[PDB]
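Derivation of every value follows stated rules applied to the coordinates shown; laboratory data play no part. Quick reminder, even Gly has a Cβ in these numbers, built from the backbone with ideal geometry, and neighbours come from all protein chains shown.
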Amino acid sequence: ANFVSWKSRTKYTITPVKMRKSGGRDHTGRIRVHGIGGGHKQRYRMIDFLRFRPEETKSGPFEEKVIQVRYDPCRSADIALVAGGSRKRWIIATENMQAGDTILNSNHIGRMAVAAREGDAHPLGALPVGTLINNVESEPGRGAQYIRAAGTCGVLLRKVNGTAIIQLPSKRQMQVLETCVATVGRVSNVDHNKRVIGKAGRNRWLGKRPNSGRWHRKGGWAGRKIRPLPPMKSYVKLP
Amino acid sequence: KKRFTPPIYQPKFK
Amino acid sequence: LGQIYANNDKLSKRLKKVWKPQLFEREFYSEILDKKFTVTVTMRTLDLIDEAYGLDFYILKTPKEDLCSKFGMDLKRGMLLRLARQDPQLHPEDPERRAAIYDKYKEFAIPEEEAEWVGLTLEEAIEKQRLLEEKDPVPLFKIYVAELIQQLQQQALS
Amino acid sequence: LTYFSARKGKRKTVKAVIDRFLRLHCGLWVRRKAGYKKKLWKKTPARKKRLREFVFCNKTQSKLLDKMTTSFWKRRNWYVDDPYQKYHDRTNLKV
RNA sequence: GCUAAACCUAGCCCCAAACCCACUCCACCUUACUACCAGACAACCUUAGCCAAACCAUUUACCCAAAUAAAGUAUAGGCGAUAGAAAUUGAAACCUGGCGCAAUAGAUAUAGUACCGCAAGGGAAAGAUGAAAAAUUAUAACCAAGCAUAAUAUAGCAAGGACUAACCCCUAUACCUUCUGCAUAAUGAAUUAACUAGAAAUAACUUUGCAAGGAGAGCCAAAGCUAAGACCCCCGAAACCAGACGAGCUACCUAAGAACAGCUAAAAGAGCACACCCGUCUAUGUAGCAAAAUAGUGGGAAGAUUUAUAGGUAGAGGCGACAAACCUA
RNA sequence: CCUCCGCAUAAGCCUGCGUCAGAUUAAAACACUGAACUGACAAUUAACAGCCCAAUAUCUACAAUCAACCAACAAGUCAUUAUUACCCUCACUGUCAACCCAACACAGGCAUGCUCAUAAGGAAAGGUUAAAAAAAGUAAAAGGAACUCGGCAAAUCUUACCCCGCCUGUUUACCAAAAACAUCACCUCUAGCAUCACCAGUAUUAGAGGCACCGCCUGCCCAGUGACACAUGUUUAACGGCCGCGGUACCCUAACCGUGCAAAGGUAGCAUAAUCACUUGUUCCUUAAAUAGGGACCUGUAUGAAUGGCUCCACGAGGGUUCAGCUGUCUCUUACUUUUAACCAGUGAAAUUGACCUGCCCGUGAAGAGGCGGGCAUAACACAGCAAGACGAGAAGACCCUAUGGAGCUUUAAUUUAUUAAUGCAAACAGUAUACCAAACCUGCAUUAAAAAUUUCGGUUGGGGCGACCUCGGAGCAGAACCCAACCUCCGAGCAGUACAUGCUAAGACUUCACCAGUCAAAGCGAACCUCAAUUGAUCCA
Ligand SMILES: [Mg+2]
Ligand SMILES: [Mg+2]
Ligand SMILES: [Mg+2]
Ligand SMILES: [Mg+2]
Ligand SMILES: [Mg+2]
Ligand SMILES: [Mg+2]
Ligand SMILES: [Mg+2]
Ligand SMILES: [Mg+2]
Ligand SMILES: [Mg+2]
Ligand SMILES: [Mg+2]
Ligand SMILES: [Mg+2]
Ligand SMILES: [Mg+2]
Ligand SMILES: [Mg+2]
Ligand SMILES: [Mg+2]
Ligand SMILES: [Mg+2]
Ligand SMILES: [Mg+2]
Ligand SMILES: [Mg+2]
Ligand SMILES: [Mg+2]
Ligand SMILES: [Mg+2]
Ligand SMILES: [Mg+2]
Ligand SMILES: [Mg+2]
Ligand SMILES: [Mg+2]
Ligand SMILES: [Mg+2]
Ligand SMILES: [Mg+2]
Ligand SMILES: [Mg+2]
Ligand SMILES: [Mg+2]
Ligand SMILES: [Mg+2]
Ligand SMILES: [Mg+2]
Ligand SMILES: [Mg+2]
Ligand SMILES: [Mg+2]
Ligand SMILES: [Mg+2]
Ligand SMILES: [Mg+2]
Ligand SMILES: [Mg+2]
Ligand SMILES: [Mg+2]
Ligand SMILES: [Mg+2]
Ligand SMILES: [Mg+2]
Ligand SMILES: [Mg+2]
Ligand SMILES: [Mg+2]
Ligand SMILES: [Mg+2]
Ligand SMILES: [Mg+2]
Ligand SMILES: [Mg+2]
Ligand SMILES: [Mg+2]
Ligand SMILES: [Mg+2]
Ligand SMILES: [Mg+2]
Ligand SMILES: [Mg+2]
Ligand SMILES: [Mg+2]
Ligand SMILES: [Mg+2]
Ligand SMILES: [Mg+2]
Ligand SMILES: [Mg+2]
Ligand SMILES: [Mg+2]
Ligand SMILES: [Mg+2]
Ligand SMILES: [Mg+2]
Ligand SMILES: [Mg+2]
């Protein structure tokens, strides 16, 4: 088997990139994941998840201008093309972002919390307690891995001596360093639950194969399980 | 079951 | 790579078993080589080094059938060549320390031309010998002129 | 019974026969009674006495054991204090 | 008298002895047999199983020092099928053969060619004058089945007893195997030629030699020991395991392509309907045109569609809108 | 007269109907001389098509659909710049054909462009005759499904109802296309996360499953098993389950009661159903006639709710019933045409075959005779038919049984954990005031679990299965030495009680038809002066 991943390019760019499908196959050529294959062709828009990243030879916080809000075939939520200084990038559009708005990406953490409109990114310590937040990291400067899906949102619960506590959409709570950047507001493309597929053909266009016709008898896992919430997740190292 | 016996070709030189 | 019985009784199943050594990464110093090596080591060879009183002594004392390592045989050949050559081992300005390290291992240092072929596989030995006898061909012009001048001298001296 | 062995081409011997029977040089085989040391608490003294006996074998059994053993076990032995020395020969037997 | 028949010698086999090979020029690891360009990756690993143990579940000779003997002994072992040493002993340098085959034999061999297979792989058949063919002459015939010369004659396992006469008279239920028992309408067999199936020990028996000893070391011996003779078939599964070879069919996927008339267009995994894909029902066919076809009739035909090209996943597996489907009939 | 063809390119193939000679021979399914050929000779000429490019950075948000209005989703098929380097040129390869994959000059398979009937390309009839049977058509009086399992087929154009599945779609290449599988919708379970799938994704997500659009609903139960919690619990849209007797008025249950048990005792709904049998249940419509169809009743004692229940729109080569029509389906068949057929000419198979000089009736017999017994019949020999027999040909029956012959699958069959994942201990490390903490990866051991692996699935048996039995003794059968079967008739046994010489030895005997086992016993040495019928278990090994 000769499998080379399409994710092979070391320079960020705005133009969409051709992405090869997989069919649920790993590098060996065998099926690793079932029900995947053969949908509409797509191109990849590169999303800059490190929301606060200053340009070259520039250091402090910066402003940006929402040039457009576009549909992304590769994700649930839509993506905003946003320009600033002399460079443009794709980011995850939050709700009520439209063309012509201005967005603030700030680093300095304040003695007193700041008032943030629904599109800016501040360190979680600078934000008011109880705000709805999205695109959060775990280490400072790691980049946004948590909440990123359409309409989903998390809430900052408390601030501790050097950390901040955040509730995830699955209600699990996690503590991150105070200097961890996150964006204010809920993610755009709400009402994504109400989407009705209508027919199996639309699933096929979406690129998911039908389920196996073999009849599996249900085991002990099948009944409803009422478990307590899992313990706190902590991302703060301590000697 | 489906019992089938494929035919046998003799060598062409004969 | 052997086999075992299920509960150490022969009337049970026979299962193929593998026993692996417990390997550790440790750092060593060679007084002859004046270099620090990081090697994947085990408790047995740590104990052997302790018994031999030093990595240099362990490598120079243990035979190939016991070192069981091409790395060990290469180290042995390096130390043997150093001892046979009596070369400027440590550095200038430390001749007495160099000599002291050399005399710590007098019961060694086989001749120079013999210490080269120590720890060499058959392929390495054949390659070394082939590059030894490279000897690109000599033109026949020189041979013929030497023969003719020797003939001329023979005829003239008579 | 391995009439021909894969190493020497020789006849082999069954060692169970050797472990269970004694061969006199005349051709007679001597055995022990079965059950002579099993459940002696349910047996009468006469039964136990007849079970403790060393008895001879059939003609058929003797030929079978001769086939199952090799000629090494049929040679004439001259042990020092053999308790069966006098039994290795036959006397006053007519045809 | 046609078809035919017949023939010796290509070569081969088993030993012995001896350690054996390979660049004329050019091309050849990429799609081998390709004159000429910048990531330099790289091998070292306990076989298993059939089978035997009358099942099978521990176990079951097979490994590379001349012989012989110790010895099938010590030992091992569901202590059972069977497995099985060593110490020790001692093992005379040189000689080119055949109670081997002779074209269905002997090598598969005229050749690993033709042919078959995608591939790994499998694998044939056959020739005959003579000193001279720069003697094409007349000889050389005679011999299997099959025929021809030359169809037939009431009635009957095909004949036998006969008889002056072929038939007519009288008598007569093919063979082999398998069975309690077969003419059995139970098996097998068209027929000819060739090929095609009993291998050995312990202990006995007979015939010699020598004889309380025999034997050319070892072993046996209260007439034994030594030697010889005589003696135990052929074909056939469904299986299991190891290592290769296969996705040019088909299942699914990846890359990059192509096709879908006309009408109604409700907007459409909408309707009629071509091309195109499929295969409902009937008839034919059934050694067929075809190892799944033909004619008609049908389902779909802008989609979860059909389809060309290249690539990927492989058997203790792959792939599967699970039919135990498909993975070269 | 036909054309549903053809001409190109791609792919495939590789000289394979060009000329001359041999045609005496040889393949031509026959022939002339050329598609089923032998030798020699000759040809496919690049512009078409292949065969490409100097680096290092940098750039590349705005589909297509006449791209213009409009309108979307499944979100898309095409672009540079900056600097350095660079002044030689038209090489090489494919180019033929009646052609490829199917063993064939095979009614099969085969991508794209072009005209969609042609300006390409082709020939269904060797000759004759006009039988049967067979194939494909055409026409048919009167009737019009009376045929038949069934309106199969054909001809005409077609109304209404029901069951199942929502629908389009998929499937057993080669006997099943469906009600089976999928499917939008609904629901359960698992997962807090970055570079090789999932995914360049992040709980409105991803994955493992059930059920099956929608509409109304989905009732009770955690006793048991499984799974999750280690606080003795939670969980059924998890595996699954949702009572019994008796008294109960003339008929029936029955509301009701006494009781027992359980986790709950089947709720709604629907209902003789694709739902064990009874069963052609009862009843109305439908027909002249109704084991068919539709509508109602619930003992459905085995219906029933995501094992989803019940209605309904649309749909269906699904399975049933029906009006009307019109049809050779049929009463009831007939005529013609073509193929086939039969004869003449050419070429020329296969299954099969012990040998055959190969009759009928009755009987016999390994129980169904051409061949045997008794009768009868009987010159020889082609051609066309037919299918009663030759227990006709084909395939060493697939059904059944057997084999200490296999294999697939499932487990709660036996054995094991080599492997993966968890734990615990050990090894490896390091500070620490007489105590403690033990990061991660390896390695050894032990336990647990998942996944598996190997192997087997007794026998008797008036076939096998099911039932019953398997060892030992007494009686009968088996009457008077011994023996003697039965899935034959009847009884029993798997102990018990008392001494502790129930010590030791040893002639001679018996013997359950073998062996192994089993039985009796004189004398003797010692010491006083054994009942009972069976009452049982080898070797190895412990
Ligand atoms: Mg699903
Ligand atoms: Mg399902
Ligand atoms: Mg066996
Ligand atoms: Mg056997
Ligand atoms: Mg068996
Ligand atoms: Mg020896
Ligand atoms: Mg030959
Ligand atoms: Mg041959
Ligand atoms: Mg003849
Ligand atoms: Mg007669
Ligand atoms: Mg019989
Ligand atoms: Mg007879
Ligand atoms: Mg017969
Ligand atoms: Mg038979
Ligand atoms: Mg036959
Ligand atoms: Mg077997
Ligand atoms: Mg198997
Ligand atoms: Mg393919
Ligand atoms: Mg449609
Ligand atoms: Mg249509
Ligand atoms: Mg099924
Ligand atoms: Mg099935
Ligand atoms: Mg051309
Ligand atoms: Mg064919
Ligand atoms: Mg024309
Ligand atoms: Mg014609
Ligand atoms: Mg005609
Ligand atoms: Mg004709
Ligand atoms: Mg009519
Ligand atoms: Mg009728
Ligand atoms: Mg009728
Ligand atoms: Mg019809
Ligand atoms: Mg359907
Ligand atoms: Mg499919
Ligand atoms: Mg089929
Ligand atoms: Mg199909
Ligand atoms: Mg069909
Ligand atoms: Mg379904
Ligand atoms: Mg429920
Ligand atoms: Mg019923
Ligand atoms: Mg009817
Ligand atoms: Mg359909
Ligand atoms: Mg003819
Ligand atoms: Mg008869
Ligand atoms: Mg006839
Ligand atoms: Mg006959
Ligand atoms: Mg027959
Ligand atoms: Mg048979
Ligand atoms: Mg048996
Ligand atoms: Mg039986
Ligand atoms: Mg019976
Ligand atoms: Mg007896
Ligand atoms: Mg007495």
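Assorted remarks:
- The 3J(HN,Hα) values that the Karplus relation (6.51, -1.76, 1.60; θ = phi - 60°) gives for region A:158-163 are, in residue order, 9, 10, 10, 3, x, 10 Hz. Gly and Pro appear as x.
- The chymotrypsin sites (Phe, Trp or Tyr not before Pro) of region C:42-102 that DSSP puts in a loop, and whose beta carbon has at most 15 other beta carbons within 10 Å, are C:53.
- Computed E for residue D:59/residue D:1 - FRET, C-beta separation, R0 22 angstrom, nearest 0.05: 0.65
- Database remark: amide H of residue A:234 closer than 5 angstrom to the amide H of A:175 (H placed geometrically; neighbours at sequence offset of 5 or more, or on other chains; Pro and chain starts carry no H).
- Size of charge dipole - the protein assembly as shown - debye, nearest 20, with Cβ of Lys, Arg +1 and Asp, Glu -1, no other charges: 8060 debye
- Expected 222 nm ellipticity per residue - DSSP helices of 4 or more, -39500 (n - 2.57), all of chain D, to 500: -6500 deg cm²/dmol
- Considering only Cα atoms, the convex hull volume of chain C works out to 275 Å³ per residue.
- Pairs from D:38/D:74; C:17/C:61; D:33/D:86; D:43/D:74; A:218/C:16; C:36/C:135 whose Cα-Cα separation, in the structure shown, is over 27 Å: D:38/D:74; C:17/C:61; D:43/D:74; A:218/C:16; C:36/C:135
- Ranked for footprinting exposure by Cβ neighbours inside 10 Å, fewest first, C:121, A:183 give C:121, A:183.
- Among the trypsin sites (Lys or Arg not before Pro) in region C:54-109, those placed in a DSSP loop whose Cβ has at most 12 other Cβ atoms within 10 Å are C:106.
- Residue exposure sequence - A:62, B:13 - by fewest surrounding Cβ within 10 Å: B:13, A:62
- Here the 3J(HN,Hα) profile of region B:2-14, calculated from phi with Karplus coefficients 6.51, -1.76 and 1.60 at θ = phi - 60°, is 9, 8, 10, 10, x, x, 10, 8, 6, x, 6, 6, 5 Hz, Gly and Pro shown as x.
- In order along region A:88-96, the Karplus-derived 3J(HN,Hα) couplings, from 6.51 cos²θ - 1.76 cosθ + 1.60 at θ = phi - 60°, round to 10, 8, 8, 9, 7, 6, 8, 5, 6 Hz, and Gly and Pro are given as x.
- Leading residue at positive end of dipole, region C:1-41 (Cβ point charges), from C:4, C:21, C:40: C:4
- Here the residues D:59, A:233, ranked from fewest to most Cβ neighbours within 10 Å of their Cβ, fall in the order D:59, A:233.
- Around the amide H of residue A:136, modelled in the peptide plane, lie the amide H atoms of A:145, A:146, A:147, all under 5 Å away and 5 or more residues distant in sequence or on another chain.
- Extreme residue, positive dipole direction of region A:1-106, given options A:97, A:34, A:12 (C-beta unit charges): A:34
- The chymotrypsin sites (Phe, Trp or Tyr not before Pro) of region D:5-44 that DSSP puts in a loop, and whose beta carbon has at most 15 other beta carbons within 10 Å, are D:36.
- Distance between the 7 Å Cα→Cβ label points at residue D:90 and residue C:1: 6.2 nm.
- Note on chain D: dipole from Cβ charges, positive end direction compared against D:51, D:71, D:3; the farthest Cα belongs to D:51.
- Among residues other than residue A:76 with Cβ under 12 Å from its Cβ, the summed charge is 0 (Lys and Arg +1, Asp and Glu -1).
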